[PDB]
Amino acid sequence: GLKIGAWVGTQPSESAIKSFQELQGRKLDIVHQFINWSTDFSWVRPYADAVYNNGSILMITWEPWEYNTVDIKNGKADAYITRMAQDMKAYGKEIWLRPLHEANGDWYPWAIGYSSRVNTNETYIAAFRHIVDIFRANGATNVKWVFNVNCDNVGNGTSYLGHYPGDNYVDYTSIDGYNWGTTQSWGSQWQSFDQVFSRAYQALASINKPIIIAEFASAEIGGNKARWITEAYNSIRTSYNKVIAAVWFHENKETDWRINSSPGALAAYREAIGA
């Protein structure tokens, strides 16, 4: 039964969660939050409490703007990692944790494609494994590890599986991707869900872990977003059998990714998610 999640456009306060649930006409199974590597668990706790009080799973994308893969694998962030592991163990509830995401792009400073050239398959895998090792040493077995790829490899040296840290360090795999429509000056084009996600899915389907669509959305311009939404959820349920969760990215950001970017898109989203 496909789990429905979202990043709701802001940090997931009680009110932010309830407002999105009202908006989409259905409970959120998963609530998505982003934090960095200078954020303590105490800052997360109030949000985590809201999510668990609502009866949802918290998925945290944990973004090391503050440390590259060399410094992580070498142990320079270990006090901070240990602290987080300690705090998450004490909290006790099941958290899905997605460190070092979209590493097959070139936009994040921990990514293999990043133009500093600091990050390799080897440094990435060593860093990921090191994080997981520290969590396990501190008894944080409630923390489930989410590997991730961007839908497209962007930048030098990037691939779907070169940076895969291995089944022993991973609970879920995941894919991020957007239909940018005609919104970007690099000549973005309208792409169906299948055109965005099939290649990455084909790679991840070779790993015996369940798959999350951890971020997805579509622009309005360049095509019919309402139809896109209908077809995306149909595609997931028809042809992406290993996908267990679809987590929308609801933010009015580069473009209007929101499920209510138009009344038509909202109507389509409400019917698509079902249940």
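From 1 onward, residues are counted along the sequence shown.
- When the two stretches 187-195 and 118-126 are set side by side, the higher mean Cα temperature factor goes to 187-195.
- Checked against the record, the higher mean CA B factor of 163-171 and 178-186 lies with 178-186.
- Within the group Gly92, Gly75, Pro99, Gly105, the record's highest C-alpha temperature factor is found at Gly92.
- For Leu23, the recorded CA B-factor ranks within the highest third of the chain. Only modelled residues enter the ranking.
- Per-chain ranking of the deposited C-alpha B factor places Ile112 in the middle third.
- Sorting the modelled residues of the chain by their CA temperature factor places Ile30 in the lowest third.
- The deposited CA B-factor of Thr158 belongs to the middle third of values across its chain.
- Remark: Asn36 belongs to the lowest third of its chain, ranked by C-alpha B-factor as recorded.
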